[PDB]
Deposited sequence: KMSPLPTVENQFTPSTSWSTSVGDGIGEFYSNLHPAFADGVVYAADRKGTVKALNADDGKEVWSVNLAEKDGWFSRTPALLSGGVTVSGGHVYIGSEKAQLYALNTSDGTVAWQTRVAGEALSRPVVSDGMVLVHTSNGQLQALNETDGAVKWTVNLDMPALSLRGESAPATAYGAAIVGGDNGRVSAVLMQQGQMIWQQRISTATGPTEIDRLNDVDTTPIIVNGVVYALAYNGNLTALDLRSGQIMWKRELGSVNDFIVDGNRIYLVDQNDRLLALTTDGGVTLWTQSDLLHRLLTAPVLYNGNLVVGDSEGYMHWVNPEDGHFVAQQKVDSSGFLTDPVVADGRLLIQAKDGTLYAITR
């Protein structure tokens, strides 16, 4: 019971610069596994354990490794995250891998507390993982040693959604599955503040987003909340039907709700600017802001290009029959997106 393709007059025709296979992708499994970009290179993976580095200009292979064969599928899940010469990927077997950007060799591999379903987050010489047993762990970037472990939320009853940390000025901010946002010091994991923002096939990204000393966070009840970074004080709350995913760019918020409605809000009190409801139940990706357009993929393999000022469609294109699920990312002036069968596209216009 999904909405038919809208009738769109395309203002331009998006162009594929390049596309490359990456094993067998995620198939029919839910995943948060998405591509990454750093210093002229794209990094991408599949669930079974293929990991590749590609030249961002032409898609040509720099290196390829198979983590299934390091000795059975690796079940790569959280990431990909790139920082400081390392490629970080979490797995459903509770492994965190750190690969060298130079050649794909394993610098280190750590058995973390639980399934690593959410992207690793790198700050202040440490890599943070929020694991599905409800713990937050900080590991040294140099050897993957566990520096500290903090108890945050409940061991998960859903395999859908994402809950990564967000870092600012020596603090990690974390949401999760129990309607709380927590702030902890990166040094030793000391609790700074904790705030209640709320009193399964749950598909909510509870990852906080920090912009200009404000924390923006989604909860299970369909609420979007703004908190003061230093204190955790609630600045405002917005009662939407039920939100799934969002981004913040300057003083604008772009969200997708559980029914695949697209909304734009102000950061000044969470007031709605516009709504676009013609993609209802088409199962959208998270939105990305790319060269003045808001872009989403859908389960049928289409990409939809939206004017961020008014929510009007500017382009619609069929790209991959296997469909889209995981986050699109901006890479070297191109839009990167990975299909469910693993195929990676680099698109302009």
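Missing segments of the deposited chain sequence, listed N- to C-terminal: According to the record, the gaps fall at 72 to 76, 205 to 212.
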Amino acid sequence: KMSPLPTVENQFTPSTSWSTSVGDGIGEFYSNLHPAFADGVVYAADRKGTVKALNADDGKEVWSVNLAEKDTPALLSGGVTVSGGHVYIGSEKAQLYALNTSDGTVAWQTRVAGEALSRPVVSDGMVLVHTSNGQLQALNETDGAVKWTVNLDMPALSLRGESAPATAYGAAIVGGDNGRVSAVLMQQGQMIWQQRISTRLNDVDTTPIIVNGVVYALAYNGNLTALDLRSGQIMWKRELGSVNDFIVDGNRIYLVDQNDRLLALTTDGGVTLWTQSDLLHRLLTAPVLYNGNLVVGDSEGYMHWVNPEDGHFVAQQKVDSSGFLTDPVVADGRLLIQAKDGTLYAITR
From here on, numbers count along this sequence of modelled residues.
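46 to 54 versus 285 to 293 - which carries the larger mean C-alpha B factor in the record: Per the PDB entry, the higher value belongs to 285 to 293.
Per the entry, higher mean C-alpha B factor between 188 to 196 and 129 to 137: Higher of the two, by average CA B-factor, is 188 to 196.
Largest Cα B-factor, entry values, listed residues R238, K93, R252, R261: Reading the PDB entry, the winner on C-alpha B-factor is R238.
Among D278, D124, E115, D245 - the residue whose C-alpha B-factor is largest in the record: Within the set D278, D124, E115, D245, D124 shows the top C-alpha B-factor.
Relative C-alpha B-factor of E28, binned into the chain's lowest, middle or highest third: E28: CA B-factor falls in the highest third of its chain.
Chain-relative CA temperature factor third for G144: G144: CA B-factor falls in the lowest third of its chain.
CA B-factor placement of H312, once the chain's modelled residues are sorted into thirds: For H312, the deposited C-alpha B-factor lands in the middle third.
Lowest, middle or highest third - CA B-factor, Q338: As the PDB entry reports it, the C-alpha B-factor of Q338 lands in the lowest third of its chain.
Third of chain Cα B-factors occupied by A164: Ranked within chain, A164 CA B lands in the lowest tercile.
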